[PDB]
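What follows is a single chain, given as structure tokens, in the form deposited in one PDB entry.
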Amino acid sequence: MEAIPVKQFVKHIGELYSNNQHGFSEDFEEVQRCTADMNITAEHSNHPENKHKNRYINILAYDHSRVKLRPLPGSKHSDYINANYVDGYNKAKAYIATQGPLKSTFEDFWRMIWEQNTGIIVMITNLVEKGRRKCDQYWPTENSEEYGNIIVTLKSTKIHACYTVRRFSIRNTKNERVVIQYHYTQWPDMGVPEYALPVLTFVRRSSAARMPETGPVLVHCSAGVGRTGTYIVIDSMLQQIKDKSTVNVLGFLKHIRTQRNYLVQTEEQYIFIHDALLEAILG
């Protein structure tokens, strides 16, 4: 609820960790339950003609907040993509949280990017992790690839230790637009990163790349809820800290849980959010 000053927040983290992290567990259970008295419809997600457009049968996109594609002539559900607008700090629809694109949704994905005037992609998964496919490669390995009316050209890549930055040019056939992809490459197969610092750097730089004024930042991992939620909360709280030197993780999280299911999927991620914010404050 109430935003608290950084100094108070910093001590509250220590509070949350104490007694075997009892506070962290209480908070997250509160998060888990915070929509129990809410019936939030996701009819489009669950429509049979949309089934193949969902990477997970049980990860849905709430109707009220879903990103709609302009309808295509010919069908009646060409409007659907498994993606939701999510608020950021003091800004509605700061993000589009979505699943890792499927081959079957590559065209929908880039069309969304074009239609929403998105200039930054944040990708927080490897395509394959421990042998399991997590995301399909929706971009060109080199030069150009065509997805529907959108042609995407890879212009440059910088490969850092923990993330990769790919600059693309995209254009609609009816090099018009620049799109920058920040692709984190070191998230562990299981659990959360052992050190927050690389993640903080990734978030700061990817967030700094957001140009005034453009469409929402697209954020995705595999399901578009866990790491994606974690990114959104960290970025937003860093924003709030920088702007007001207050923070409200629990309040903000319970709010965005209304906009896409399961954002910040585990207690461990919820804890990592704090570990990362503590280091940012101390740095």
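Just so we're on the same page, rigid core means the largest C-alpha set that superposes within 1.5 Å between forms. The first residue of the sequence shown is number 1, and the count goes up from there. Shifts are known only where both forms have a C-alpha.
Omitted here: the form solved in complex with a small molecule. The next part is about that form.
Within 4.5 Å of the small molecule in the bound PDB entry, a heavy atom is found for all three of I124, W187 and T230. With the partner omitted here, the residue from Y138, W114, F168, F202 that has a non-hydrogen atom within 4.5 angstroms of the small molecule in the bound PDB entry is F202. Of the residues given (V67, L60, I234, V217), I234 alone sits with a heavy atom within 4.5 Å of the small molecule in the bound PDB entry. Among heavy atoms of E15, none comes within 4.5 Å of the small molecule in the bound PDB entry.
Within this chain, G148 is remote from the site of the small molecule in the bound PDB entry, having no heavy atom within 4.5 Å. Mapping the unseen interface onto this chain, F9 falls outside it, with no heavy atom inside 4.5 Å of the small molecule in the bound PDB entry. Within this chain, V192 lines the site of the small molecule in the bound PDB entry, having a heavy atom no more than 4.5 Å away. Taking the core as reference between this form and the one not shown, the lone member of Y80, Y163, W114, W187 whose Cα moves by 2 Å or more is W187. In sequence order, there is only one run of at least 3 consecutive residues whose Cα atoms each shift by 2 Å or more between this form and the one not shown, relative to the superposed core, and it is 187 to 192.
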